[PDB]
Amino acid sequence: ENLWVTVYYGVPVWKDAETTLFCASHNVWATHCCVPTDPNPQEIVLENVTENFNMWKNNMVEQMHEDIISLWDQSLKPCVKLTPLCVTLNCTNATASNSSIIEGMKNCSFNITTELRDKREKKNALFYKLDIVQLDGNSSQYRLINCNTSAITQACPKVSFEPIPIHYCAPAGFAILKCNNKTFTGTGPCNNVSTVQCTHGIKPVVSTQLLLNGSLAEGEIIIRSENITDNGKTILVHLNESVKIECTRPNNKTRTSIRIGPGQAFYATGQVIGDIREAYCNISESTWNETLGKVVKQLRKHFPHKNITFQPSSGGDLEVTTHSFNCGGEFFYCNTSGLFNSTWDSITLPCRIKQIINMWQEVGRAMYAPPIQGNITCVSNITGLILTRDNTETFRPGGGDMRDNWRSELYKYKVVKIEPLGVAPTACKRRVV
Amino acid sequence: XXXXXXXXXXXXXXXXXXXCXXXXXXXXXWXXXXXXXXXXXXXXXXXXXXXXXXXXXXXXXXXXXXXXXXXXXXXXXXXXXXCXXXXXXXXXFXXXXXXXX
Amino acid sequence: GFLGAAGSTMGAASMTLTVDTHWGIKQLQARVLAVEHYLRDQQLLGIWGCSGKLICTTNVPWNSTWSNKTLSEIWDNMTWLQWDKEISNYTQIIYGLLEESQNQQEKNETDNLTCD
Amino acid sequence: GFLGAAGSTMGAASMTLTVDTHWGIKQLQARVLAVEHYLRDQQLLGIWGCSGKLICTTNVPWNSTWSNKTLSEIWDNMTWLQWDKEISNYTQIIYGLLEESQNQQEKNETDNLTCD
Amino acid sequence: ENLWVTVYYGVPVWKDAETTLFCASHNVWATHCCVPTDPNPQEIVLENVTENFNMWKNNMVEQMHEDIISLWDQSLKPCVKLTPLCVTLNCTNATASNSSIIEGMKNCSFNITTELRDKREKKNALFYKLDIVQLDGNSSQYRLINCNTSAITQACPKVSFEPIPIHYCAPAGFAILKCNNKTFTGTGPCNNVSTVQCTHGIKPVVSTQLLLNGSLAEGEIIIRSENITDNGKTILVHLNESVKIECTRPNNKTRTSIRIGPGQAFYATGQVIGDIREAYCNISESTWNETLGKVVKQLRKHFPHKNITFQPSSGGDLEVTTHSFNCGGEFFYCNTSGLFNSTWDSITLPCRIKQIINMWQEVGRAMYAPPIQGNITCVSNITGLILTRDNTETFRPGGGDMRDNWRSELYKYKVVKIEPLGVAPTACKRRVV
Amino acid sequence: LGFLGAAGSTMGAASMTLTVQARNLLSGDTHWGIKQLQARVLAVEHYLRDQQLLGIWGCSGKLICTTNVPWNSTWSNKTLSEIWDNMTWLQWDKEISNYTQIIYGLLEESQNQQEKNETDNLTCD
Amino acid sequence: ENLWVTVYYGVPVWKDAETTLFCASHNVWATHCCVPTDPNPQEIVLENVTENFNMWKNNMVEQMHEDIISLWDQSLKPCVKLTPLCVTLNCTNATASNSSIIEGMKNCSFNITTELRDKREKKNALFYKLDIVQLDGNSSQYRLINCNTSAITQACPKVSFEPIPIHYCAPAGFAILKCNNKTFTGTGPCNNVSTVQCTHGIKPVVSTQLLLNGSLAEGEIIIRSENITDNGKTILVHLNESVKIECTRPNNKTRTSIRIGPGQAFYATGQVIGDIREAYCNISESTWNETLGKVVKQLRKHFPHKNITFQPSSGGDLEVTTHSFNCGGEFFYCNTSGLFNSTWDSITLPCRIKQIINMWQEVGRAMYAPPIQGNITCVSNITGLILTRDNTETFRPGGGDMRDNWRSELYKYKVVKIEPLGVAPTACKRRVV
Amino acid sequence: XXXXXXXXXXXXXXXXXXXXXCXXXXXXXXXXXXXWXXXXXXXXXXXXXXXXXXXXXXXXXXXXXXXXXXXXXXXXXXXXXXXXXXXXXXXXXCXXXXXXXXXXXXXXXXXXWXXXXXXXXXX
């Protein structure tokens, strides 16, 4: 008799939801994710609010992955295809500057048409062994890797693909909640939650083994896993201190150009002047050793009273066995086996270069990365590992999903839908009589 | 034309199969010179079991792959099973199995 | 401050209650849906008799079935979020009743039209 | 139900007044169109001063030329389908008059004379 | 003064309208029409309502036609285009058994470009004569029927085209009126009209001459012409009893996969193992004879003379002269001359098989139907005949375009728009306080 | 008389065309289709933003409404007989263009107080 | 004081704006502008309203430009590619009847692939030498001018590009203001303004030095410029009386058709019989002298110095130095030097013909205009000139960005956004209600 | 029903021309396809055919020494080879062999083997 319904609108209620977020920020990323950010965005704090976050069930990572594929597709689509180069290649291990043999960069000749369809001539280019497939036993004849069963297209030399930081912003009706607990695992409730309209910027950096150029953990090293115990799960290790890695391709490369069709051309590698090592990376010992000891101190809280060993990855192709870097079209696939070798002033990792790449495992569409003239020096800040487990337990720096590289920063954010309607008890009837 | 061989080595008194992998194989069928001086069809119409084939018999032609299996598990089953197909020219007849089991 | 001042008493609500091809498709869908969600809430408020109002008092009583708690337990708690979850399974009952109540009011007014 | 009593007389029927890319484009067109129709009708009821009502009266008199029939036949011996056809040529005239009357009323409400 | 304007909202008035209907709901059908329908749809009888229906002018049919084509093209678009097959073919005698020549088949050999551009290989496949044209004459050189017009898209091998019922649904603000008069017959006023939101579900069957798996007439056989008197219209005879038809292709087509490009292959028949007959269909004799007799009984009501003659179809392309239909993915063209031959235990009709299909004409496009392994049997319901008319009247199993198949099902539905606002005079003037 | 008919008429005279202007805000092959949908969606958004803005200060459903916000002379130290008479709406819009969103912030605040004062306080009466 | 804020909705005010405009009505323009026009256009005179117009900053011209480029590009997509023709050509002297020398055209033999991947056929076609580039010195080897640049495509013979009036229409919430001052002259306040729903209909006629088929000035000749003093801008001279210009190609051309690739066809010139002067335009002498005299008298109001001299274009690209236009589907490039040689029964302009056109100055595309059979005549209306200023003073036919020929029609229109909400004080207060 | 005799070039000299034929009872000489299946000692048989089509097919193994030969009026499948070596011992079997026909449209199944014979061509 004294308990009546009252209708309210705009009450701060939210629910977990999946929607489409948009980007805010001479290169592809700036061209597509061209919307400006709010300068000085105002963050607010929800007093006495606890919420559940789950980084491995967070659909923003899935969204990010899809948008990356979409952008690269649009970006690469309007460029020169290399179908005309899938001809028999007559190859020998000739060198441009080496009085001897470099055991790579083979000199391949082939018959290709020019600007005229009725004219075909012999052209020469140098190729990496990783990009070349032998046609038969002891044969001098080769084909490009990824021609058989798949297409090859050149990367667009006109536009860069830079890791510019991008913020993701909510559409109207939605809000992004953020976890501000410095030691939060991404596996449960967070008791300090703030709300923003946009996430912090995330650089779309791609790597295969080691996590580069992200934020650092506040507080101590944070070990995050969907399970920890399960040997089927990747354990992300987020460092609170960075380690500098300096990589280089010390040699001076030049280029040639093979015209293919009415307004198209292939960028081919020409003479290379320099040293024997194709590439290598500089890692200091004291920092690496301390970094691992710190990781171990934290692993011991999950895996106490036992010894552990770090070993090289078990196998597979380069994308899952080596550390991949994008320092330009001269893509690096570096051997970290001498890095992950320990039981519980500097070192060099040897590194190789590859030009025909099945990025994202989309093997039906390989990209050809044009050569870069001159030499390359690139550096990066390592922030973490995508390390996976299996007395003594073994830790292997194996590969993982590309999404594993984004969960490490998106773990603190969640998307929720605002639900403004609800009712509450009162003790009144409607005043219309 | 291509050829490939089972090379015998079959288990006796056990389920077992002969096999081939010829590059030019197409609609390949099996027969075995298990006795006398003639091969009895194991398969016809490529891998389909041959008429009056052991009930326990099976086959799996699959481009450059083949098998002639049986659950019959006969003892001393020294059936010289072999693959044949017209393949590239004339016909490719692999001797395949010798003493089998 | 969207969803700001979350928590505290229900009365904390105060007056905070103040509110290329594939890309083109995603953006049109996002905008259209934002509009549809807005309009559905306005239609729902309209059918319940709420037009231009943040707070409406209706003629629908509470059932012990929905909640057997008193007025000293509800509101006085420093939340609403858990409460909305506690009675989430009755949302459609309350909403249906709100529509029925307005329909009866409309009928009573319809048959008793005031004429100049 | 939805069109229940469509063949009934207007009086009788008053009882029921209370009642992937190409696929993407068609769906967006359907949604946008539905919104536009909704808003056009709400705008029109708003501008006439009939917002929120199913039954609304105005200060515009019915003209003697608008079918020249009596209420005793209009409400009792005709259906809404028939009625709509019978006066369809006066649709815009009536709508214009309704808008004018409402605007004059609103102007009267803010006059310097009276009001205070 | 009396007689005041009253505004009403929610008025049960509608006007004829044309809008976009929703398709609603590895198969192409429902690959995009993925919206579940109302499990408990309602139907409302409108008492004392008579509406004018006209199936021959029904926009729902026209819209369905466009949806069928659009879905079809979208389905075929993402798979291999058979362009490298515009080559000169040898097409020699296909032989079998005791030196028999297969009447409809040729063994065609050709030089294919392969995926590596410097190679050419001799490949061969067994083809139907219906898909092949003679070059010159008195010569072994042959070509496919395409190239002359355009390229053929190979049907995507993983896509099923098996029809499912689709219920068209009106958008909010629209409604579909349904005619429930048992003898409505095409056009005119219909009493006993009911309102629905979605149609009953129509399978998108694409046969000609004999309609398959449609709804069945509930009363007497309905002639349903646009103009029975003028012999320039399609007559859609809707039967109230289904005639059982069974179709068989009593043989196993083996397959050869010919690589034609970098991730693409063409499928073609290797060998045919089984009977010699390409295909056949049969209908029980008593059923057919009685059915045809029942149809003439009703035709005599429009043509009151005791002399009705049925004759076989006129000449033209197989798509119009034969009973064309999709049987398990295979394309059959059956000779119905054995059915339509009369004056007023089973009949077996020979059937032809064709692989290059120009569905819905279109001309600028074609589809290649890959061979299907295994033998095929189909059982179906003949639910309506398509007749054209040529005292002593002659009828033939002729027909119009594919729209007629849907006119035969959508005949009872009409789309209208709801107009909830209206005005009427009252006794009450607005009360102003 | 028509859309923007009498735009040059006085502020007062122009009040009789409010009903005309109000009705011309809503309407009656690939990339192009998108351009047209974007235009239609935006027109709807503008309409709704204005309805929400009008509604937030309690004027939903009316073309003309008053509030409890006083007119500060800093905004326009002219009397009613001076602005409603020898001045147009175009001129007026320019005359007080600086207070764009000043007035609106004030309208929102006065309505917030009006609603606050009707919430709990003297409610159920 | 005692005044309070009154809020008004429906206030007749507006702001300068840029929005999306839509277009109202085998013809490409008609096909695209499918939206019907208003059969009874309304106009509202904004009595006692003045407004600022600026034709040089008018965003409607940019939109018209973009819509035209877009339509042009879209129209040509589903058509024949001529990229298979980038082969060596022989291009020897062509013979017409008994004329062994034709200065404008050569007979080019070539190696072309037909619908089959078989031996190429030897074909011959006549080409204008303006579209042919010699491959080396003293050589018989030739190429199409746009090969080794970009793809060349052929316009479909089925589509007409004939200009039809185009009506630009405002979306809801927007309006177009029109300036009715006969002497407005491009910029500044317009004191007689009316509104329209749509523009009057502008034909999208493409030309260079002379403007064709526009509206004539209401008053005397109007000389418009963004800045008279600044010699870096185009001067648009808008005539009040037209000059009749007759253009002819007095030869009967015979066309052939060469199948190119698998279903496509190349249209090419077979033979030309007729008056081999190829083309000319006929302009009355006295009309031109009266027109020039009147322009100069008006020019002298901007340039008070006596003896201003008119000269021919100074040089540069054909598309700038020559008068170009579409006459019956053919593309003319006429010599206008005879029109500009003074300080002031007919004269003629010799004229050349081209088939490969980089229309809109975008080199990434090139259209091949199929040859037109028989002979061509057209008569156009010269309605304005494009002139630039360079001792007295001198003028020459100028160039432009293809906006100038549209600015000349759109100069009187402006787009404004409607802003219905605003406030004013009243004597009333809300009070209680 | 079409039982057939064994055949071999019995008592042939080594490295000398040799020939044989397998008479088939209850058979047309032109009994659709026909072939030799003279599997060599410890090896697969070479392809051959002498079909109703007046075929004379042979595997490359035949070089230019061996060839299929037309069956006799007695329906005796026939074959011969120049300079037959004593090394080429075989079972000399005849058969309704696989790949004895193009079989563009095969049906059911068939086989026949006649009978084996010694074929050493020693001394």
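As written, the chains take the letters A, B, C, D, E, F, G and H, and residue 1 is the first residue of each chain.
As a working rule, contacts are C-beta pairs under 8 Å (C-beta built on N, C-alpha and C of every residue); 3 or more make two chains touch, one makes a residue touch a chain.
Visitor: I want to compare two interfaces, A-F and D-F. Which one has more contacting C-beta pairs?
Guide: D-F
Visitor: From the centre of chain H, which other chain's Cα mean sits the farthest off?
Guide: F
Visitor: Which integer distance in Å separates the CA centroid of chain A from that of chain D?
Guide: About 60 Å, centre to centre.
Visitor: For chain C versus chain D, what separation do you get between their C-alpha means, in angstrom?
Guide: 28
Visitor: Take the average of all CA coordinates in chain C, do the same for chain H, and state the distance between these two points in whole angstrom.
Guide: 94
Visitor: Send over the residues of chain B in touch with two or more other chains.
Guide: 45
Visitor: For chain A, which residues are shared contacts with two or more other chains?
Guide: Chain A, residues with two or more chain partners: 426-428, 431.
Visitor: Which chain H residues sit where two or more other chains touch them?
Guide: In chain H, 106 touch at least two other chains.
Visitor: What are all the touching pairs of chains?
Guide: A-C, A-E, A-F, A-G, B-E, B-H, C-D, C-E, C-F, D-E, D-F, D-G, E-G, E-H, F-G
Visitor: Could you list, by residue number, the parts of chain G that touch chain E in their complex?
Guide: Residue positions touching the partner: 115-118, 262-263.
Visitor: Could you list, by residue number, the parts of chain A that touch chain C in their complex?
Guide: Result: residues 1-14, 19-20, 22, 32, 42, 44, 46-49, 70, 171-173, 175, 195, 197, 418, 420-432 of chain A touch chain C.
Visitor: Please name which positions on chain B make contact with chain E in the complex.
Guide: Residue positions touching the partner: 26-27, 45-46.
Visitor: Using the touch definition from the top, list the residues of chain A that touch chain E in their complex.
Guide: Interface residues on chain A, with respect to chain E: 83-84, 86-88, 111, 143, 147-151, 364.
Visitor: Would you mind writing out the residues of chain B in touch with chain H in their complex?
Guide: Its residues touching chain H are 29, 31, 33, 36-38, 41, 44-45, 50-51, 82, 84-86, 89-91, 93-96.
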